[PDB]
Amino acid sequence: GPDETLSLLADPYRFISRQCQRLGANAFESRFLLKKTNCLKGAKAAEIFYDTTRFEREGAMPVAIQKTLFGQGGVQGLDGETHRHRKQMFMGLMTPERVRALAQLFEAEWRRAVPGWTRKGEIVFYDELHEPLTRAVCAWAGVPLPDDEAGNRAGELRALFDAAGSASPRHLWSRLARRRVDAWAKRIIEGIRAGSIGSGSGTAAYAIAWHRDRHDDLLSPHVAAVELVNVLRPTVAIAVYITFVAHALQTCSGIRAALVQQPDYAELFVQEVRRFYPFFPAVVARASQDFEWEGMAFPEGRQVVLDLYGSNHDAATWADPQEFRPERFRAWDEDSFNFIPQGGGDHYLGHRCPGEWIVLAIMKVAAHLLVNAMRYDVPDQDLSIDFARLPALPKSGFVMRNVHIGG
(Lines of atoms letter the chains of each structure in order from A and count residues from 1; the text may use other names and numbers.)
(Lines give C-alpha, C1' and ligand atoms only; values in the text may rest on other atoms or scores of the structure.)
Protein backbone atom coordinates (compact mmCIF):
# COMPACT_ATOMS: atom_id res chain seq x y z
CA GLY A 1 0.00 0.00 0.00
CA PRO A 2 0.90 3.71 -0.09
CA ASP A 3 3.01 5.51 2.52
CA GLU A 4 0.72 7.54 4.79
CA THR A 5 3.32 9.36 6.90
CA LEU A 6 2.10 12.74 5.67
CA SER A 7 -1.55 11.91 6.46
CA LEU A 8 -0.58 10.79 9.98
CA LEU A 9 1.59 13.88 10.61
CA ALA A 10 -1.26 16.20 9.52
CA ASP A 11 -3.70 14.53 11.94
CA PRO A 12 -1.55 12.74 14.54
CA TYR A 13 -4.25 12.20 17.16
CA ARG A 14 -7.18 11.32 14.94
CA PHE A 15 -5.77 9.68 11.78
CA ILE A 16 -6.08 6.14 13.18
CA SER A 17 -9.60 6.39 14.66
CA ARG A 18 -10.86 8.19 11.52
CA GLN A 19 -9.54 5.35 9.34
CA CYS A 20 -10.94 2.73 11.75
CA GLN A 21 -14.41 4.36 11.62
CA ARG A 22 -14.28 4.29 7.81
CA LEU A 23 -13.34 0.60 7.70
CA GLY A 24 -15.66 -0.47 10.56
CA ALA A 25 -12.74 -2.14 12.36
CA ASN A 26 -10.44 -1.60 15.36
CA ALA A 27 -7.29 -2.31 13.34
CA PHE A 28 -5.84 -1.63 9.90
CA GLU A 29 -2.59 -2.17 8.03
CA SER A 30 -0.74 0.93 6.84
CA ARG A 31 2.77 2.27 6.10
CA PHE A 32 4.85 5.01 7.76
CA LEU A 33 8.44 6.00 7.00
CA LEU A 34 8.14 3.21 4.38
CA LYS A 35 7.60 0.53 7.14
CA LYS A 36 4.44 -1.64 7.12
CA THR A 37 2.51 -0.79 10.31
CA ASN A 38 -0.54 -2.33 11.94
CA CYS A 39 -2.61 0.40 13.62
CA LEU A 40 -4.68 -0.67 16.63
CA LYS A 41 -7.36 1.04 18.73
CA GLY A 42 -9.64 0.11 21.67
CA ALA A 43 -9.54 -2.00 24.84
CA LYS A 44 -9.06 -5.41 23.23
CA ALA A 45 -6.23 -4.17 20.99
CA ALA A 46 -4.57 -2.51 24.02
CA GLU A 47 -4.65 -5.85 25.87
CA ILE A 48 -2.79 -7.65 23.09
CA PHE A 49 -0.37 -4.71 22.62
CA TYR A 50 0.60 -5.09 26.29
CA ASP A 51 1.24 -8.83 26.00
CA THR A 52 5.05 -8.88 26.29
CA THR A 53 5.18 -12.46 24.93
CA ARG A 54 4.05 -10.90 21.62
CA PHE A 55 5.48 -7.36 21.67
CA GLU A 56 8.90 -5.82 22.27
CA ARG A 57 10.05 -2.22 22.41
CA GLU A 58 13.78 -2.55 21.63
CA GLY A 59 14.51 -0.54 18.44
CA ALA A 60 10.84 0.31 17.80
CA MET A 61 10.80 4.12 18.24
CA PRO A 62 12.20 6.20 15.34
CA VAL A 63 15.73 7.40 16.23
CA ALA A 64 14.76 11.15 15.99
CA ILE A 65 12.92 10.43 19.32
CA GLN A 66 16.22 9.30 20.95
CA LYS A 67 17.83 12.60 19.96
CA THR A 68 14.97 14.47 21.64
CA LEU A 69 12.01 13.10 23.59
CA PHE A 70 13.32 9.96 25.33
CA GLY A 71 17.13 10.12 25.16
CA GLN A 72 19.30 7.05 24.52
CA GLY A 73 19.39 3.92 26.71
CA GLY A 74 16.38 4.68 28.90
CA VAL A 75 13.65 2.36 30.20
CA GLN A 76 11.29 3.00 27.19
CA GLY A 77 13.62 0.98 24.96
CA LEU A 78 14.03 -2.04 27.27
CA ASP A 79 12.32 -5.46 27.28
CA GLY A 80 12.02 -8.50 29.52
CA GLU A 81 13.75 -8.89 32.87
CA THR A 82 16.14 -5.97 32.00
CA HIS A 83 13.08 -3.73 31.58
CA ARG A 84 11.30 -4.91 34.70
CA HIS A 85 14.39 -4.36 36.84
CA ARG A 86 14.82 -0.81 35.50
CA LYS A 87 11.06 -0.12 35.82
CA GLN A 88 11.14 -1.01 39.55
CA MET A 89 13.59 1.83 40.07
CA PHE A 90 10.97 4.34 38.84
CA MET A 91 8.05 2.67 40.67
CA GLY A 92 9.90 2.86 44.00
CA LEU A 93 9.84 6.68 43.75
CA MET A 94 6.03 6.83 43.71
CA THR A 95 4.99 6.33 47.35
CA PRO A 96 1.83 8.22 48.50
CA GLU A 97 4.07 10.27 50.80
CA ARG A 98 6.60 11.17 48.08
CA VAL A 99 3.82 12.01 45.60
CA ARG A 100 2.21 14.27 48.22
CA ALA A 101 5.60 15.98 48.82
CA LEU A 102 5.94 16.83 45.11
CA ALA A 103 2.33 18.15 44.98
CA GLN A 104 3.08 20.40 47.98
CA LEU A 105 6.28 21.73 46.38
CA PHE A 106 4.36 22.46 43.20
CA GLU A 107 1.62 24.39 45.04
CA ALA A 108 4.35 26.45 46.75
CA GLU A 109 6.09 27.20 43.42
CA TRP A 110 2.77 28.10 41.76
CA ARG A 111 1.96 30.52 44.68
CA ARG A 112 5.51 31.98 44.40
CA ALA A 113 5.07 32.65 40.65
CA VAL A 114 1.70 34.45 40.92
CA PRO A 115 3.08 37.93 41.86
CA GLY A 116 5.15 37.85 38.64
CA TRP A 117 2.00 36.98 36.68
CA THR A 118 0.05 39.88 38.31
CA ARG A 119 2.87 42.29 37.37
CA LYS A 120 2.80 41.17 33.72
CA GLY A 121 -0.93 42.02 33.56
CA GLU A 122 -1.48 39.39 30.86
CA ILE A 123 0.07 35.90 30.60
CA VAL A 124 0.08 32.89 28.32
CA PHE A 125 -0.83 30.33 30.99
CA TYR A 126 0.89 27.40 29.26
CA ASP A 127 4.12 29.38 28.92
CA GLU A 128 4.15 30.24 32.63
CA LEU A 129 3.83 26.66 33.96
CA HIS A 130 7.11 25.07 32.87
CA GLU A 131 9.30 26.99 35.37
CA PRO A 132 7.30 26.38 38.58
CA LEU A 133 7.06 22.67 37.59
CA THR A 134 10.84 22.60 36.93
CA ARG A 135 11.56 24.21 40.29
CA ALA A 136 9.26 21.80 42.16
CA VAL A 137 10.47 18.61 40.48
CA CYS A 138 14.20 19.47 40.75
CA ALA A 139 13.83 20.13 44.49
CA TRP A 140 11.80 16.91 44.92
CA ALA A 141 14.29 14.85 42.89
CA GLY A 142 17.37 16.17 44.78
CA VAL A 143 18.59 18.14 41.76
CA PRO A 144 20.26 21.43 42.77
CA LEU A 145 18.84 24.29 40.72
CA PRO A 146 20.10 27.83 41.30
CA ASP A 147 17.42 30.53 41.19
CA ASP A 148 19.01 32.24 38.16
CA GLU A 149 19.18 28.99 36.10
CA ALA A 150 15.63 27.69 36.70
CA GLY A 151 14.18 29.66 33.75
CA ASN A 152 16.78 28.29 31.31
CA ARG A 153 16.46 24.69 32.53
CA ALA A 154 12.67 24.96 32.28
CA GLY A 155 12.98 26.06 28.61
CA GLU A 156 15.36 23.17 27.85
CA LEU A 157 13.09 20.61 29.48
CA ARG A 158 10.07 22.07 27.65
CA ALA A 159 11.95 21.84 24.33
CA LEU A 160 12.41 18.05 24.75
CA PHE A 161 8.66 17.42 24.40
CA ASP A 162 7.13 20.64 23.04
CA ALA A 163 9.56 21.30 20.20
CA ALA A 164 10.36 17.56 19.53
CA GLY A 165 7.38 16.91 17.20
CA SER A 166 7.70 20.24 15.38
CA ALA A 167 8.43 20.00 11.64
CA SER A 168 10.62 23.14 11.73
CA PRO A 169 13.91 24.56 13.18
CA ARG A 170 12.26 24.07 16.62
CA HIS A 171 13.29 20.39 16.24
CA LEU A 172 16.95 21.48 16.03
CA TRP A 173 16.45 23.39 19.30
CA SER A 174 14.96 20.18 20.79
CA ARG A 175 18.13 18.30 19.77
CA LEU A 176 20.44 20.89 21.35
CA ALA A 177 18.23 20.99 24.47
CA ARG A 178 18.60 17.21 24.71
CA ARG A 179 22.40 17.36 24.47
CA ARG A 180 22.40 20.09 27.18
CA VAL A 181 19.94 18.44 29.58
CA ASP A 182 21.80 15.09 29.34
CA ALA A 183 25.13 16.73 30.09
CA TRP A 184 23.60 18.61 33.05
CA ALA A 185 21.86 15.51 34.48
CA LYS A 186 25.10 13.60 33.96
CA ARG A 187 27.06 16.15 36.03
CA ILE A 188 24.38 15.73 38.71
CA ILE A 189 24.75 11.90 38.71
CA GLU A 190 28.56 12.23 38.80
CA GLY A 191 28.50 14.66 41.73
CA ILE A 192 26.14 12.42 43.71
CA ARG A 193 28.46 9.46 43.11
CA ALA A 194 31.57 11.53 44.05
CA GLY A 195 29.80 12.83 47.17
CA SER A 196 29.99 16.51 46.13
CA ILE A 197 26.18 16.59 45.80
CA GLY A 198 24.16 15.69 48.89
CA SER A 199 20.81 14.52 47.46
CA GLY A 200 18.77 12.63 50.07
CA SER A 201 18.22 8.85 50.15
CA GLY A 202 14.48 9.29 49.27
CA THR A 203 15.03 11.38 46.15
CA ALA A 204 14.86 10.40 42.45
CA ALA A 205 18.40 11.56 41.65
CA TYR A 206 19.82 9.53 44.57
CA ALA A 207 17.81 6.43 43.56
CA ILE A 208 18.95 6.66 39.94
CA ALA A 209 22.59 7.52 40.75
CA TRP A 210 22.85 4.51 43.05
CA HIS A 211 20.67 2.04 41.14
CA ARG A 212 22.36 -1.32 40.51
CA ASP A 213 21.36 -3.25 37.40
CA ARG A 214 20.89 -7.04 37.18
CA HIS A 215 24.67 -7.59 37.37
CA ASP A 216 25.12 -5.37 40.45
CA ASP A 217 26.62 -2.59 38.28
CA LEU A 218 25.77 1.11 38.49
CA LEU A 219 24.11 2.55 35.36
CA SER A 220 26.63 4.14 33.08
CA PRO A 221 26.53 7.90 33.79
CA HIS A 222 24.86 8.74 30.49
CA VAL A 223 22.11 6.18 31.07
CA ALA A 224 21.57 7.41 34.67
CA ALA A 225 21.34 10.95 33.22
CA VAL A 226 18.71 9.88 30.68
CA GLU A 227 16.66 8.15 33.38
CA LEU A 228 16.81 11.23 35.61
CA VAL A 229 15.57 13.32 32.64
CA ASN A 230 12.83 10.69 32.30
CA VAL A 231 11.58 12.04 35.67
CA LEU A 232 12.22 15.79 35.17
CA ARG A 233 10.97 16.15 31.62
CA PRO A 234 7.52 14.54 31.80
CA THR A 235 6.82 16.32 35.13
CA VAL A 236 7.32 19.62 33.28
CA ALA A 237 5.03 18.26 30.51
CA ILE A 238 2.19 18.34 33.09
CA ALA A 239 1.98 21.99 31.92
CA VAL A 240 -0.12 20.60 29.04
CA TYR A 241 -2.67 18.91 31.31
CA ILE A 242 -2.81 21.98 33.61
CA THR A 243 -3.60 24.12 30.55
CA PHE A 244 -6.39 21.67 29.60
CA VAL A 245 -7.75 21.89 33.19
CA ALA A 246 -8.08 25.65 32.63
CA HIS A 247 -9.60 25.04 29.17
CA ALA A 248 -12.27 22.68 30.58
CA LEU A 249 -13.13 25.12 33.37
CA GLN A 250 -13.57 27.86 30.77
CA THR A 251 -15.49 26.00 28.07
CA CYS A 252 -17.67 23.48 29.95
CA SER A 253 -20.61 24.95 31.84
CA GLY A 254 -21.24 23.65 35.35
CA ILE A 255 -17.73 22.29 35.94
CA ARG A 256 -16.50 25.18 38.07
CA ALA A 257 -19.54 25.02 40.37
CA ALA A 258 -19.30 21.22 40.84
CA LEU A 259 -15.57 21.49 41.61
CA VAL A 260 -16.30 24.23 44.13
CA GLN A 261 -19.24 22.47 45.80
CA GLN A 262 -18.69 18.66 45.47
CA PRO A 263 -15.46 17.39 47.19
CA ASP A 264 -15.26 13.97 45.41
CA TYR A 265 -15.68 15.78 42.08
CA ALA A 266 -12.01 16.78 41.60
CA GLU A 267 -10.91 13.12 41.20
CA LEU A 268 -13.54 12.52 38.50
CA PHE A 269 -12.71 15.79 36.81
CA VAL A 270 -8.95 15.21 36.42
CA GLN A 271 -9.56 11.70 35.10
CA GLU A 272 -11.97 13.09 32.48
CA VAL A 273 -9.38 15.72 31.44
CA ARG A 274 -6.93 12.84 30.78
CA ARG A 275 -9.56 10.82 28.90
CA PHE A 276 -10.99 13.69 26.86
CA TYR A 277 -8.01 15.77 25.75
CA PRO A 278 -5.34 14.68 23.25
CA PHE A 279 -1.83 14.55 24.67
CA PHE A 280 0.23 11.40 24.08
CA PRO A 281 -0.98 10.30 20.70
CA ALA A 282 0.18 6.71 20.33
CA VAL A 283 2.77 4.14 21.40
CA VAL A 284 4.89 1.91 19.15
CA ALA A 285 6.07 -1.70 19.54
CA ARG A 286 7.22 -4.51 17.28
CA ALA A 287 5.66 -8.01 17.07
CA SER A 288 8.15 -10.50 18.61
CA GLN A 289 6.72 -13.66 17.02
CA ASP A 290 4.22 -14.63 14.29
CA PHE A 291 0.60 -14.49 15.33
CA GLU A 292 -2.82 -13.55 14.07
CA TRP A 293 -5.44 -11.60 15.94
CA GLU A 294 -9.01 -10.88 14.84
CA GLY A 295 -8.24 -11.92 11.24
CA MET A 296 -5.15 -9.64 10.98
CA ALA A 297 -1.60 -10.93 10.42
CA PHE A 298 1.14 -9.90 12.85
CA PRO A 299 4.33 -11.36 11.34
CA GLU A 300 7.37 -11.34 13.61
CA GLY A 301 8.98 -7.89 13.30
CA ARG A 302 5.83 -6.02 12.25
CA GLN A 303 5.69 -2.48 13.60
CA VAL A 304 2.50 -1.83 15.56
CA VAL A 305 1.04 1.43 16.81
CA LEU A 306 -1.52 1.64 19.63
CA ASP A 307 -3.72 4.71 19.31
CA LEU A 308 -4.21 6.10 22.84
CA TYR A 309 -6.47 9.03 21.92
CA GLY A 310 -8.77 6.82 19.77
CA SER A 311 -8.90 4.22 22.57
CA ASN A 312 -9.89 6.92 25.08
CA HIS A 313 -12.64 7.96 22.64
CA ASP A 314 -13.91 4.45 21.79
CA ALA A 315 -17.74 4.42 21.88
CA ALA A 316 -17.92 0.70 22.78
CA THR A 317 -16.18 1.56 26.05
CA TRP A 318 -17.58 4.97 26.88
CA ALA A 319 -20.95 5.16 25.01
CA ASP A 320 -20.70 8.98 24.58
CA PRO A 321 -16.93 9.68 24.38
CA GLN A 322 -17.42 12.99 22.49
CA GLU A 323 -18.83 14.67 25.63
CA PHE A 324 -16.81 16.07 28.52
CA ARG A 325 -18.47 14.50 31.54
CA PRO A 326 -16.44 13.81 34.70
CA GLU A 327 -19.29 11.86 36.30
CA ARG A 328 -18.73 9.06 33.74
CA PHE A 329 -15.90 7.96 36.07
CA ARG A 330 -18.44 6.94 38.70
CA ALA A 331 -19.11 3.93 36.44
CA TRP A 332 -15.47 3.06 35.70
CA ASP A 333 -14.28 -0.36 36.93
CA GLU A 334 -10.55 0.61 36.91
CA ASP A 335 -9.91 -1.71 33.91
CA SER A 336 -6.17 -1.58 32.93
CA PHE A 337 -6.82 -1.53 29.15
CA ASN A 338 -9.88 0.61 28.37
CA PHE A 339 -8.58 3.95 29.70
CA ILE A 340 -5.01 4.59 28.64
CA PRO A 341 -3.94 8.29 28.36
CA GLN A 342 -0.56 7.28 29.89
CA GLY A 343 -0.54 3.70 28.64
CA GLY A 344 -2.29 0.46 29.64
CA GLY A 345 -1.56 -2.82 31.38
CA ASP A 346 0.49 -3.28 34.51
CA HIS A 347 3.04 -0.66 35.77
CA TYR A 348 5.59 -3.22 36.97
CA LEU A 349 5.26 -5.79 34.23
CA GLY A 350 4.93 -3.46 31.26
CA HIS A 351 5.74 0.04 29.95
CA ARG A 352 2.72 1.85 31.46
CA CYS A 353 3.62 5.35 32.72
CA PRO A 354 4.89 5.29 36.34
CA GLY A 355 4.14 9.06 36.47
CA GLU A 356 0.34 8.69 36.72
CA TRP A 357 0.11 9.32 40.48
CA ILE A 358 2.20 12.50 40.14
CA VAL A 359 0.13 13.66 37.19
CA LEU A 360 -3.16 13.12 39.09
CA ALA A 361 -1.83 14.80 42.26
CA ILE A 362 -0.53 17.87 40.40
CA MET A 363 -3.69 18.17 38.22
CA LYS A 364 -5.72 18.22 41.49
CA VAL A 365 -3.49 21.00 42.94
CA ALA A 366 -4.06 22.92 39.68
CA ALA A 367 -7.84 22.43 39.79
CA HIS A 368 -7.93 23.49 43.46
CA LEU A 369 -5.89 26.65 42.82
CA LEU A 370 -7.78 27.62 39.68
CA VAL A 371 -11.18 27.43 41.43
CA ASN A 372 -10.42 28.23 45.09
CA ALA A 373 -7.43 30.54 45.14
CA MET A 374 -6.73 32.18 41.74
CA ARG A 375 -8.71 35.05 40.24
CA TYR A 376 -8.23 35.77 36.54
CA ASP A 377 -10.03 37.17 33.51
CA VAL A 378 -10.13 35.32 30.18
CA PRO A 379 -10.19 37.70 27.18
CA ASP A 380 -11.67 36.77 23.79
CA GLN A 381 -9.28 34.32 22.10
CA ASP A 382 -9.02 31.15 20.06
CA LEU A 383 -9.43 28.41 22.69
CA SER A 384 -9.98 25.63 20.16
CA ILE A 385 -7.69 22.62 20.46
CA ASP A 386 -4.95 22.50 17.87
CA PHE A 387 -5.14 18.85 16.73
CA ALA A 388 -2.25 19.52 14.30
CA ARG A 389 0.22 20.38 17.09
CA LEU A 390 2.31 17.91 19.13
CA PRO A 391 1.50 18.17 22.00
CA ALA A 392 -1.98 19.51 21.35
CA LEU A 393 -2.86 22.80 23.05
CA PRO A 394 -5.59 25.46 22.93
CA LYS A 395 -4.44 27.59 19.98
CA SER A 396 -3.96 30.66 22.20
CA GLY A 397 -1.96 28.84 24.90
CA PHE A 398 -4.79 29.97 27.23
CA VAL A 399 -4.40 33.73 27.80
CA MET A 400 -5.26 35.16 31.24
CA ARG A 401 -5.48 38.79 32.36
CA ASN A 402 -5.46 40.43 35.83
CA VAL A 403 -4.26 37.32 37.66
CA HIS A 404 -4.06 37.29 41.46
CA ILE A 405 -4.34 34.95 44.43
CA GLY A 406 -6.43 36.84 46.98
CA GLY A 407 -9.20 34.94 45.14
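Don't overthink the numbering: it's just position in the shown sequence, from 1.
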Query raised in the report: Comparing 160 to 168 with 333 to 341, which has the greater mean CA B-factor as deposited?
Result: 160 to 168
Report summary line: Looking only at C-alpha temperature factors in the entry, 193 to 201 or 141 to 149, the higher average sits in 193 to 201
Query raised in the report: Among 215, 84, 111, 256, which residue carries the highest C-alpha B-factor recorded in the PDB entry?
Result: 256
Report summary line: Among 347, 36, 44, 54, the highest C-alpha B-factor in the PDB entry belongs to 36
**Report entry** Assigned third (lowest, middle, highest) for the C-alpha B factor of residue 70
**Finding:** middle
Report summary line: By the entry's values, the third containing the CA B factor of residue 134 is the lowest
Report summary line: Among the modelled residues of its chain, the C-alpha B-factor of residue 325 falls in the third labelled middle
Query - Third of the chain, ranked by Cα B-factor, where residue 125 sits - result: middle
Report task. Grab the CA temperature factor for residue 295 from the record and place it in the lowest, middle or highest third of its chain. Result -> highest
